[PDB]
Asker: 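The structure that follows is given in the form of structure tokens.
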There are 2 protein chains.
Amino acid sequence: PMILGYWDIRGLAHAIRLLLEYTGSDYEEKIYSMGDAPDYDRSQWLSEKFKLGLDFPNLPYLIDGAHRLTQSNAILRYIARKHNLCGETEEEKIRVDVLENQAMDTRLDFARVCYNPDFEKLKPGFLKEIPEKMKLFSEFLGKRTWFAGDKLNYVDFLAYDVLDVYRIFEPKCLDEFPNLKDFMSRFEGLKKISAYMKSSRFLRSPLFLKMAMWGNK
Amino acid sequence: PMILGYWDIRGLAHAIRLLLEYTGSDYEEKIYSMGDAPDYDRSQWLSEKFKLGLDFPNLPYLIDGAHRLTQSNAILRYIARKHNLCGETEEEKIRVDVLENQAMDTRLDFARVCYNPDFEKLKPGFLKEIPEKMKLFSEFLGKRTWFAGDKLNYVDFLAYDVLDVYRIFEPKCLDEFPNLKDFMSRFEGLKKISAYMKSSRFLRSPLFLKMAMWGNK
Ligand SMILES: N[C@@H](CCC(=O)N[C@@H](CSCc1ccc([N+](=O)[O-])cc1)C(=O)NCC(=O)O)C(=O)O
Ligand SMILES: N[C@@H](CCC(=O)N[C@@H](CSCc1ccc([N+](=O)[O-])cc1)C(=O)NCC(=O)O)C(=O)O
Ligand code: NA
Ligand code: NA
Ligand code: NA
């Protein structure tokens, strides 16, 4: 089976786990646990980081037969090619690439404040940035079924993930964008996704690592 | 003709400018100038930022007919798909996706230090992290003619750009890695590339924007 290596949190592997369940992949998780504060012991991962035959050792990683991958986006793309979840036309391909890279910039905007020791002083300023972020995503989606067009694509998993994270931090953030509320519902009720979610191996939380000031659980 | 919008520096646009040149694309640059300290006035861009039809307005952007793109990586892939500059085997596509994402993370590691007011204090530690980064690139390349196989790829433009920046910062950083030196010469030897590098267009500098501690001139 395939091995998904990541920390015992949601973070960067969540859209991957989401994809791995929708696609019917057989896979298992190599969970790395992090030591409690203050030292946040990473030695469980650091001890085998350079022992896995990874070109650029990192988390998350994925092993599939002869293929050993890092970089979360590269893994998503790998799973997508094996299981018909890329864009076909040039129009979808452009939308995929722009949204894939944009999701990561949007995720890091948010990660950078929650992981900041000064999160509480920076929290009101970031909360007022969120309406325009979400509005970009609502205008991009428009009247489409999925973000790339008619068909489910791997970027939809990225989009659901980053939107989920923002709406956990700010439960009212999608309220003036009904088309994104309908997107999240439609995604959560695919069927392999509903089954995964209302199952025990669905990792609700923590959203982030232990040293984060929010969503560390 | 295609329109490439960026600041009047090297920055994130550099690999796009090379690929545009190498593919013989018909292109013009919309160059935005930024004010001097202390304001670093951005009005030349903010004047138009939201009036260009961009889904996620940003720099660099590319306007090609009806297609209006942002995200430097999406722009590179858009150009590559027009000229078959992407991998064809599943092994090549894996090497492309991993290196594309790795090159941005490595670029960002460097950009963060140079733009940090505390640059001088951070410089010693960052210098000692460079040998390990280059070793990983060196062993990834191996004896291959290019990073993805025997066929030039857009990710080669990214790897040249990021490696060029690190060797501009630390001139001895490729010394103990001969295969990376051969990669850089062979890349510069490309006829359309050398001709672009030999004309007073070539913005090898400034690496970064005016407010950077290093590479601002
Ligand atoms: N660009 C890479 C990022 C890889 C990465 O940063 N992994 C970190 C995650 S914690 C830092 C982190 C937390 C949360 C976010 N985020 O935006 O959600 C980003 C980075 C790690 O655990 N180990 C890397 C190592 O061995 O040095 C990817 O997308 O896979
Ligand atoms: N992920 C996007 C990043 C786009 C971006 O941040 N552009 C900045 C570049 S300056 C900040 C910057 C400098 C250098 C790097 N780098 O890695 O070298 C990254 C970001 C800008 O000028 N305007 C965006 C805006 O108007 O909001 C991409 O790759 O295109
Ligand atoms: Na499908
Ligand atoms: Na404006
Ligand atoms: Na080589």
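Atom set for the values below is all heavy atoms of this structure, side chains included, hydrogens, waters and symmetry mates excluded. Order of listing sets the numbers, starting from 1, for every ligand and every atom in it. Order of the sequence lines fixes the chain letters, A, B, ..., with proteins taken first and strands second; residue numbering starts at 1 for each chain.
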Asker: Looking at B:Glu100 and B:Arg77, is there a salt bridge between them, counting it only when a charged N and a carboxylate O are closer than 4.0 Å?
Answerer: yes

Asker: Can you tell me which residues line ligand 2 if we count any heavy atom under 4.0 angstrom from one of its atoms, in chain and number order?
Answerer: A:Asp105, B:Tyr6, B:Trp7, B:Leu12, B:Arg42, B:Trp45, B:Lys49, B:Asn58, B:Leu59, B:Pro60, B:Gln71, B:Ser72, B:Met104, B:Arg107, B:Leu108, B:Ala111, B:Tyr115, B:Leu209

Asker: Using a strict threshold of under 4.0 Å (side-chain N to carboxylate O), is an ion pair present between B:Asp36 and B:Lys210?
Answerer: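 So B:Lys210 pairs with B:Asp36 through a salt bridge.
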
Asker: Where do A:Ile9 and A:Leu207 come nearest, in terms of heavy atoms and distance?
Answerer: CD1-O, 3.7 Å

Asker: Closer than 4.0 angstrom, basic N to acidic O: yes or no for B:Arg17 and B:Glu29?
Answerer: yes

Asker: Salt bridge between B:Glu90 and A:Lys82, side-chain N to carboxylate O under 4.0 Å?
Answerer: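 No, no charged N to carboxylate O under 4.0 Å.
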
Asker: Counting no waters, how many protein N/O/S atoms sit under 3.0 Å from the Na ion (ligand 5)?
Answerer: 2

Asker: Do any N or O atoms from the side chain of A:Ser25 and from the backbone of A:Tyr27 form a donor-acceptor pair under 3.5 angstrom?
Answerer: no

Asker: Cation-pi check, B:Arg95 to B:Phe140: give yes when NZ or CZ is under 6.0 Å from the six-membered ring centre and within 45° of the ring axis, no otherwise.
Answerer: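 Cation-pi check for B:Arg95 and B:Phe140: passes.
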
Asker: Do the numbers put A:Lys192 on top of the ring of A:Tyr22, so that NZ or CZ is under 6.0 Å from the six-membered ring centre and no more than 45° off the axis?
Answerer: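 The answer is no; the distance or angle limit is not met.
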
Asker: With the threshold set at 4.0 Å, does a side-chain nitrogen-carboxylate oxygen contact exist between B:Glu170 and B:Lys172?
Answerer: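 Looking at B:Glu170 and B:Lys172, the cut-off is met.
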
